[PDB]
Amino acid sequence: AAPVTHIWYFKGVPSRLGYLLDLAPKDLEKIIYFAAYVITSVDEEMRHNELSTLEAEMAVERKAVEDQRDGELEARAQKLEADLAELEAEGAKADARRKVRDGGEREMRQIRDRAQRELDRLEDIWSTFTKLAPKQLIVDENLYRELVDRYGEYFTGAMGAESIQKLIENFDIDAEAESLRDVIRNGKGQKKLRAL
Amino acid sequence: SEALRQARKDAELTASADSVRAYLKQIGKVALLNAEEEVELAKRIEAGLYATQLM
Amino acid sequence: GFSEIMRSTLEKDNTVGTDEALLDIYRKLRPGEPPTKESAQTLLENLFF
Amino acid sequence: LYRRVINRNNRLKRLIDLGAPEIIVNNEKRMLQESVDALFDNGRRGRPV
Amino acid sequence: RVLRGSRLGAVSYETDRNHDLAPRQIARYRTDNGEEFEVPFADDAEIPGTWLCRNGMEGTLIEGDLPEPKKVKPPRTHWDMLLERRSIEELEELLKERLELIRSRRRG
DNA sequence: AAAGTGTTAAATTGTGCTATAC
DNA sequence: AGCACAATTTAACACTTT
């Protein structure tokens, strides 16, 4: 009821499925035993031409994160103004006022750094989307759901032997044959020794 | 705690080739429920079933 | 103190402290598990003690 | 080994028609893969049956 | 000791033949994915309509008899397990309730 | 001057074999 | 257990940004 890879053609030495797809065996075992999604196709035309509108919409969410950040930062500024106003409206000790001004800076730092962490997350998902290509891997298992619910129409990804069957379907043998003929003819080094 | 709050991040990206341990680490990521959340989930289930029947 | 190899490894080791070595031992032994404070001071005493 | 293959195949065929979350179906497909691998060449990937 | 064993069966000693054998007729069934299977039968035999073919799935005869759907049901299709324990008035006064929660939560 | 970045060697894992008859 | 062998990594390198 679901496809299954033959074990002789995956766990050999050298692995024939790894050579036929240019995938490492440590990545092949992550794919076919349900540990990492693999991109199996990507529409290059839609991702090429709608890239500007997609990054323009991405800047909207980035500025929404920055706007909630500066709103909480203004809240922390008004809160620390209220602390240093109402505590210092009367006579007070010095070191507790130092601790109050320190804790205000601590909560402001917490706000801007939580915002920095989620800003880096939103940068990372877009940097992952902009370099999409088949025979990749997504080991995160949360980033793939973020790529499926958002920009989920530009590609396809799967797990296991049905994804390996889909990669074998879209596999033009003559292109890889001519490229492997040309690498050993022109280039040299470890790249030539591998391509044989 | 950068290291302490790292190696916690770098833990969930390893293979763990024993499949039983892989299944246990997979099911560990969902939290439990209290005594009154299951009531809300069951109400949502029964409402959705009635709506699909009326559909 | 005599130990011409021991101070050499103490230079080239780079890991300083109790917790900083405990996370390294746990991450090399499990491997890849969240470091806690039970698994720091009870793993070494639950393997040889 | 034939019994384990057709057992996990029948259980996958029942879990798919019943409607199931993705975790149970993926666990069943991984068990099916390990059963067929144990049938063809035992003790190669992982521990032997 | 020796421990003889047998897969349960028999070996008969009729010398084989190949000329006089009671006569047979061939039926042909057709499965769901357009496959054709030829089955021999004795002449004094009621040829059945459906046959479990070599493909693994059932195939009807090539004629147009249409014997039986036999009125087989679902079984329990959840719902039924919902409708048998909870009645329609309790659901209609609940679903609409949930429906109003879609109206109030959307605008706050 | 740092910081990567890809290309090039020693370490690092896995596979296969190990006589004959009672 | 080891003996050999070939495939797959740390690290050691100059080259090019920052």
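Method-wise, the PDB entry is recorded as coming from cryo-EM, at a reported resolution of 3.27 Å.

By the naming in the PDB entry, chain C goes by DNA-directed RNA polymerase subunit beta and is assigned to Mycobacterium tuberculosis.

The PDB entry annotates chain B as RNA polymerase sigma factor SigA originating from Mycobacterium tuberculosis.

(A) Focus on the overall build of chain C. Counting its secondary structure elements, chain C contains three helices and zero strands. Of the regular secondary structure in chain C, the N- to C-terminal order runs α-α-α. Viewed in the frame of its principal axes, chain C has a C-alpha envelope of about 35 × 25 × 15 Å.

(B) How the structure looks around the arrangement of the chains. When the five pairs of chains in contact are compared, the highest contact count belongs to chains A and D. The smallest C-alpha distance separating chain C from chain D is 17 Å, and no contact links them. In this assembly chain A lies apart from chain E, the nearest approach of their C-alpha atoms being 13 Å.

(C) Molecular detail of a negative patch on the surface. A cluster of acidic side chains, namely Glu89(E), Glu90(E), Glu92(E), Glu93(E), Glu97(E) and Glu100(E), defines a negative patch on the protein surface. Here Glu93(E) is to be found in helix α2 (residues 88–107).

(D) Representation of the interface of chain D and chain A within the structure. At the interface, 15 residues of chain D touch 17 residues of chain A. Overall, the association of chain D and chain A removes approximately 1,500 Å² of surface from exposure, summing both partners, and the carbon and sulfur fraction of that is 61%. If you sort the residues of chain D by the area they bury against chain A, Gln33(D), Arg44(D) and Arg45(D) come out on top, with a joint share of 39%. There are two salt bridges connecting chain D and chain A. Between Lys29(D) and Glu162(A) there is a salt bridge, with the nearest N and O atoms lying 3.7 Å from each other. Taken together, chain D and chain A are joined by seven residue pairs in polar contact. Sorting the residues of the side of chain D that touches chain A by element identifies α1 (2–18) and α2 (22–40) of chain D as the ones contributing at least two each. Its residues assigned to classes, the side of chain D that touches chain A shows four nonpolar, three polar and eight charged.

(E) Looking closely at the nonpolar core. All names here are of chain A. Ranked by internal contacts, the top residues of the largest apolar core, which has 21 residues, are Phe129, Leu147, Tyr151 and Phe155. Elements with a minimum of two residues in this core: β1 (38–42), α4 (51–86), α5 (94–130) and α6 (143–149). Ranked by residues supplied to this core, first place goes to α5 with five residues. In this view, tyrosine 151 contacts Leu54, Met58, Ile125, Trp126 and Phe129; residues no more than four positions away in its chain are not counted. Counting 11 residues, the second-largest nonpolar core is a separate cluster that includes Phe10, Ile31, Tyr33 and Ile164.

(F) Representation of the packing of aromatic side chains. A complete count under the given rule lists 10 aromatic pairs over all chains for this structure. On the numbers, 5.7 Å between centres and 40° between planes, the contact of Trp126(A) with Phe129(A) is tilted. One end of the pair, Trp126(A), and the other, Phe129(A), are both in helix α5, three residues apart, so they sit about a helical turn from each other. Across the pair, exposure class does not vary: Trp126(A) and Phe129(A) are buried alike. Ring geometry for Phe129(A) against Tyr151(A): centres 4.6 Å apart, planes inclined by 25°, an arrangement best described as stacked. One end of the pair, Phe129(A), is in helix α5; the other, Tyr151(A), is in the loop between α6 and β2 (155–158), and 22 residues separate them in sequence. Looking at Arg47(A), its charged tip hangs above the ring of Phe129(A), at a distance of 5.9 Å from the centre. A cation over an aromatic ring shows up here: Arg45(D) above the ring of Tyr33(A), its NZ or CZ 3.7 Å from the ring centre.

(G) Layout of a nonpolar patch on the surface. All names here are of chain C. Taken together, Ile25, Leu29, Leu44, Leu47, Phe48 and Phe49 make up a surface patch of nonpolar side chains, about 660 Å² in accessible area. Here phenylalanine 48 shows up in the segment after α3 (38–41). On the basis of relative accessibility, which here comes to 62%, the residue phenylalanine 48 falls in the exposed class.

(H) A look at the pairing of strand β1 (residues 24–30) of chain E. Residues and elements named next belong to chain E. With seven bridges joining them, β1 and strand β2 (residues 36–42) adopt antiparallel strand pairing. Opposite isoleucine 26, over in β2, you have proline 40 as the bridge partner. Counting the residues between successive antiparallel strands, the hairpin from β1 to β2 contains five residues, one of them, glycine 34, with a positive phi of roughly 55°. Inspection of the sheet shows β1 paired to strand β4 (residues 58–61) by two bridges, in the antiparallel sense. Its bridge partner being in β4, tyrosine 29 is matched across the sheet by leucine 61.

(I) The arrangement of the sheet that holds β2(E) in detail. Residue and element names in this part refer to chain E. In space, the four strands of this open sheet follow the order β2-β1-β4-β3, with antiparallel pairing throughout. For this open sheet the edge positions go to β2 and β3 (50–52), each flanked by a neighbour on one side alone. Going from strand to strand, the sheet's axes swing by 40° on average, the running direction of each strand aside.

(J) The pattern of salt bridges, seen in detail. All chains considered together, the criterion is met by 21 salt bridges over all chains. A salt bridge links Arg45(D) to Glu29(A), with the nearest nitrogen and oxygen atoms 2.6 Å apart. Placement of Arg45(D) in the segment after α2 and of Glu29(A) in helix α2 (residues 25–32) is noted, with the two residues assigned to different chains. A salt bridge links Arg121(A) to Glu146(A), with the nearest nitrogen and oxygen atoms 2.6 Å apart. Linking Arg121(A) in helix α5 with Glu146(A) in helix α6, this pair joins segments that are 25 residues apart in sequence. Here the salt bridges do not stand alone but share partners, grouping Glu29(A), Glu34(D) and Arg45(D) into one network.

(K) Layout of unusual backbone geometry. That bond from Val13(A) to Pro14(A) is cis: its omega, -5°, falls within 30 degrees of zero. Along the polypeptide, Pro14(A) turns up in the segment before α1 (16–21). Each neighbour pair has its own omega, and for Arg30(C) with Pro31(C) the value is -15°, a cis peptide bond. Looking at the secondary structure, you find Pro31(C) in the loop between α2 (19–29) and α3. We note that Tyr151(A) has phi near 55°; this positive angle belongs to a residue other than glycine. Under the relative-accessibility criterion, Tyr151(A) is labelled buried at 10%. Despite not being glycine, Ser16(B) shows a phi value in the positive range, around 55°. The topology assignment puts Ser16(B) in the segment before α1 (19–27). According to the relative accessible area criterion, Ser16(B) is partly exposed, its value standing at 35%.

Definitions and limits used
- Residues numbered from 1 in each chain as written, not as in the entry; some residues may be left out.
- Chains lettered and ligands numbered in written order.
- Part of a larger assembly, values for the part shown.
- Heavy atoms only, no water.
- Residues with missing side-chain atoms left out of burial classes, pairs and counts.
- Helix = DSSP H or I, 4+ residues; strand = E, 2+ residues; numbered from the N terminus.
- Contact = heavy atoms within 4.5 Å.
- Patch = residues over 30% accessible without salt bridge, like charges linked within 9 Å, V, L, I, M, F, W, Y side chains within 5 Å.
- Areas by Shrake-Rupley, 256 points an atom, 1.4 Å probe, with all protein chains shown as cover.
- Salt bridge = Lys/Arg side-chain N within 4 Å of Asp/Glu carboxyl O.
- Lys, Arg positive; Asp, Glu negative; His and termini not counted.
- Charge placed at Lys NZ, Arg CZ, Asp CG, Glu CD.
- Buried area = accessible area lost by both parts, 1.4 Å probe.
- Polar contact = N/O pair within 3.5 Å; in protein donor to acceptor, adjacent residues only side chain to side chain.
- Nonpolar A, V, L, I, M, F, W, Y, C, P; charged D, E, K, R; others polar.
- Core = buried A, V, L, I, M, F, W, Y, C linked by side-chain atoms within 4.5 Å.
- Buried < 20%, exposed > 50% of the residue type's maximum accessible area, 1.4 Å probe, protein only.
- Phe/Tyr/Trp six-rings, centres within 6.5 Å; stacked < 30°, edge-to-face > 60°.
- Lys NZ or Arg CZ within 6 Å of the ring centre and 35° of its normal.
- Pairing = 2+ DSSP bridges.
- Axes fitted to C-alpha atoms, helices over the stretch in contact; angles between N-to-C directions.

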